[PDB]
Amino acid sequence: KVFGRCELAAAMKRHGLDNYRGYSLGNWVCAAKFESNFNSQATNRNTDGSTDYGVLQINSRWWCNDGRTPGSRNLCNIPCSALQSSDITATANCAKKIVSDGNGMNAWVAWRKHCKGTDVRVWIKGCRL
């Protein structure tokens, strides 16, 4: 599945992501862009058995369980499958722990690179939230 900038922005908001840990919606919608471009099935093998899943590219070592990853901690208490879906409940909430782990959104390199410091507002501009 692929979400529309607003479609996603809506869901993200409907599952308390706005300002969470001080991060405003703009940041989570942009985050999803340069990460999966709103594509639920965007997987990515890593030279470390880890595989990043979902819109937000959540790793399978610490936060997710897929079976095939050695050193698994499953902190989000969730099977990776859940990050590949028509809804972001599992992805939104499971992202809440990640952003709550130290350095903010810098957990998402694409965000640090294409979003840290811009006027994220643009990304929700037109979306009736």
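The numbering used is simple: start at 1 and walk along the sequence shown.
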Exercise. Which has higher Cα B-factors on average according to the PDB entry: 10 to 18 or 113 to 121?
Worked result: 113 to 121
For this session: Mind pulling up the entry and telling me whether 85 to 93 or 48 to 56 has the higher mean Cα temperature factor?
Result: 85 to 93
Seminar exercise, completed: Per the deposited entry, the peak Cα B-factor within the set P79, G26, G71, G102 goes to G102
Seminar exercise, completed: Tertile call for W62 (CA temperature factor, within chain, third-based) is the lowest
